[PDB]
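Reading the structure
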Amino acid sequence: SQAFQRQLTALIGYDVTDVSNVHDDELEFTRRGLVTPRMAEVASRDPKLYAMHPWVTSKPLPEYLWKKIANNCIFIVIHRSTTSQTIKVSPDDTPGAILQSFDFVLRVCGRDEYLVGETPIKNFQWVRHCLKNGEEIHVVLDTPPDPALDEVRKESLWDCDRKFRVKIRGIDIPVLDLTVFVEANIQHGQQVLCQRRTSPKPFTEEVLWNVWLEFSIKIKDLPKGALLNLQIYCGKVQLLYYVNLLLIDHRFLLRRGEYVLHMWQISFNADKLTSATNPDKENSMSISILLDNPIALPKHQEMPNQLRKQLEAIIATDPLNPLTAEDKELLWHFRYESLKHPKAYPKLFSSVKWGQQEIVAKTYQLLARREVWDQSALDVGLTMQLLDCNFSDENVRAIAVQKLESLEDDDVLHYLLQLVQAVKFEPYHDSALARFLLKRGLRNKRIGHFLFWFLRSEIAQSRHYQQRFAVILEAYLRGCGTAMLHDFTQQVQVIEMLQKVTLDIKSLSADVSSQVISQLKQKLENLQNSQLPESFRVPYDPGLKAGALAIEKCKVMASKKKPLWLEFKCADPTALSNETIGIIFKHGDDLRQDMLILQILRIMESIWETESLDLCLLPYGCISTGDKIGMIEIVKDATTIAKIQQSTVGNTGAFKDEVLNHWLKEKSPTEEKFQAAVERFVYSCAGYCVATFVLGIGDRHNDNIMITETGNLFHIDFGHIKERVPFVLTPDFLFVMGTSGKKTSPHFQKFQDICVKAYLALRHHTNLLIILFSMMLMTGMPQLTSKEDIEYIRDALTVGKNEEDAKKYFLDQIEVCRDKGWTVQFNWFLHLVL
Ligand SMILES: Cc1nc(N)nc(-n2c(Nc3cc[nH]n3)nc3ccccc32)n1
């Protein structure tokens, strides 16, 4: 009966049906609100194409993949049983057209990945993947999966001229000397509309004021999505506690009556915005208030030359350049000229006096005349700007969500993480953005897979948002289908089993002793039978099904956080490879931070594809499963730069320029594969140099930088980030390029040519990276987020500068890395190792 919910609660990691932490019914209203858009999408999606989830793109095939193709021909090896045959196919051949040569379906060898539907084969991501790494395309003549397995179980305010007023009854803290006062804010966005304070009373375990705090704003002037933000400072001032309350609720009603709100502690931050109260009734500070103002909010239905240039200059500025009163007044008065420029929209809607009813009304009349916005080519950066912490207005936000509707599934996957994170900026649990994510996930198994893990990542470690996210996740699981529900169940079981082991093993050490290795092998063997399922989807690569542990190859690593090095057999017999699936299980790193950085790395890779560049980044899979815990895709055949330095020189900082180049030579079997490895490195190094510099994570110790035995360099472990260095371009990296100290080479000139083009290619997307960077810091970096933290990326991307000025600017950073040489790395050695 209700047993289905218990399953969902184990899948979610939180109990949606609990009501111990609500002062209203918004969450329950949202659950019931989402039934329709779920069922709507469940009824509309193509049952066949949903079962096989073809992963396709419409992006043009890049230059680097054309100049690799030969005579307009690619070979596809189709498999029967033991023997296989190879067929001549043109890039334009639809999977339906490949029937004639050989109803059945073409499933990729060793993966739950299908080549079906009305798209040319060049447009399938797996096909594009094989061409990049120079791999043969292997497929099987299989029977299309049954849609029955995906089957789903059947499921007036403006007539009110009164001033707003809040009765502060008092604060209550079960356990704690100075004085304390309460601050009440009417908020819209990050903007404080109206502020009133109490008097500083002695900070005891119970403090009562019983005061009426009358605001200057009127009830009619309160906009939808306005927060009463209640805060506690002590006294010399320092913030101690905060809590928020929506003044206009989910049913357009003015909030009314008695409230006792348990509050959040301290240590811009997305957590400061939440409508959730602290679930910890027993230990947290509370506050008691009264609102008493049946009141519902209604709904709605040439310039001089010198000024135009002032307007254009304002519109032209970056998203972090703040607006003065003068700028705002300009934007608002020329409302209609600003409306003609989509790029003006963030700035224009930040010039709105939201605490003024008639202005908001005019703004809404203004939104009804948005032909130019509706016709413009979708700009994600611009769209993302309207979904950040500076916009609390649903109608403003919904025109951003409108633009997201035209994104194809491939592009949704690119931005999905940060779209999920942007739910944290929504005033209300039921939003256009929450609904958009829900329907994109139910429309497609791959988006749906990742939507699950992203939401689950936050539910597991965010008291501030778990409730909202839990509701969306439940809404998702009730329409994804029995097949996936079973998939998710398997996966959840496996990782909750392996996390226990990770944490148990961590306890046993205070280096790796002889018996810890057997203790691990003992506990893994315990699981291999009862009760670990022998086949589960790899969360960061839903195309792979892992099978049995390779227990001989599993280890604990020589690091003070003692992570697990697990290896699995592939559960797919059709798998032509022999490779084990390698996953690191780790506690102690904030792998949320790794997720956000890795996702931006993917965006940079997609940016570079628009300009026919491939910089060979390895943005390894990574899933944060909980608080300072998660999994890491093992990149095979790889080792850290430091360990390469240790295995020749030893435990000293006397680093030798030659080692890396003669490490690569001994791993290359031919001279053909050596220069392939050298080239792959030149690109790799340049890819990471630029990407890390832009992000402010360039100065790293070199055992947090790795290389594969085929040249591919890649940074790892992105959690928590004398003189410095813009990035890591050490003399050993330079020796591979053929240069030494102060020279040039055919490979170094290439490296600069790649850097410059890559750097300027990101600069073409300045705004987008800026917004994703700001969002990242606010939603995933609880350590920091000051205004100055976010402003770093303006400098790094040299906003306002011409191309050549910025071209040189980077060439300088490269030159700085040569000037510094080993100094920074040597300092790091004295710092971390000693
Ligand atoms: C992506 C990747 N592939 C491989 N093979 N190995 C690692 N690796 C990581 N990964 C991460 C990622 C985030 N934190 N740590 N730590 C390591 C320590 C010593 C040797 C290898 C390590 N990472």
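Residues numbered from 1 in each chain as written, not as in the entry; some residues may be left out. Heavy atoms only, no water. Residues with missing side-chain atoms left out of burial classes, pairs and counts.

Per the PDB record, the structure was determined using X-ray crystallography to 2.65 Å resolution.

We now examine the pattern of salt bridges. What the rule picks out here adds up to 42 salt bridges. Here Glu337 makes a salt bridge to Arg308, at a shortest N to O gap of 2.7 Å. A residue pair is termed long-range when its members are at least 10 positions apart, and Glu337 in helix α9 (residues 335-338) and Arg308 in helix α7 (residues 305-316) qualify at 29 residues. Classification of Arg308 as partly exposed rests on a relative accessible area of 22%. Among the charged side chains, a network of salt bridges with common partners joins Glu28, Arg31, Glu155, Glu474 and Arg478. (Salt bridge = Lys/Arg side-chain N within 4 Å of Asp/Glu carboxyl O. Helix = DSSP H or I, 4+ residues; strand = E, 2+ residues; numbered from the N terminus. Buried < 20%, exposed > 50% of the residue type's maximum accessible area, 1.4 Å probe, protein only.)

This next bit is on the pairing of strand β15 (residues 541-549). Across the nine residues of β15, seven count as buried, placing the element largely inside the fold. Judged from the three bridges that link them, strand β14 (residues 536-538) and β15 form a sheet pairing that is antiparallel. Directly across from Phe536, in β15, lies its bridge partner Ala546. (Pairing = 2+ DSSP bridges.)

On to the packing of helix α15 (residues 409-421) against helix α27 (residues 766-780), then. As a packed pair, α15 and α27 sit with axes 10 Å apart at the nearest point and diverge in direction by 45°. Relative to α27, the element α15 is oriented oblique. For the pair α15 and α27, the crossing hand works out as left-handed. Along the contact surface, α15 presents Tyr415, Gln418 and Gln421, while α27 presents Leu768, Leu772, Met775, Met776 and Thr779. In the contact of α15 with α27, the residues fall into five nonpolar, three polar and no charged. (Axes fitted to C-alpha atoms, helices over the stretch in contact; angles between N-to-C directions. Parallel < 35°, antiparallel > 145°, perpendicular 65-115°, else oblique. Left-handed = near helix turned anticlockwise from the far one by under 90°. Contact = heavy atoms within 4.5 Å. Nonpolar A, V, L, I, M, F, W, Y, C, P; charged D, E, K, R; others polar.)

Attention now moves to the packing of aromatic side chains. Two aromatic rings are characterised by how far apart their centres lie and by the angle between their planes. As enumerated under the stated definition, the model contains 20 aromatic pairs in all. Ring geometry for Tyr759 and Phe810: centres 5.1 Å apart, planes at 25°, overall stacked. Separated by 51 residues along the polypeptide, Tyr759 in helix α26 (residues 748-763) and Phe810 in helix α30 (residues 803-820) bring together distant segments of the chain. What makes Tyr759 buried here is its relative accessible area of 0%. An aromatic cluster is built from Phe693, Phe727, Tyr759, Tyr809 and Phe810, whose rings are joined through pairwise contacts. The ring of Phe4 has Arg153 sitting right over it, with the charged end atom 4.5 Å from the ring centre. (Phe/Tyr/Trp six-rings, centres within 6.5 Å; stacked < 30°, edge-to-face > 60°. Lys NZ or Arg CZ within 6 Å of the ring centre and 35° of its normal.)

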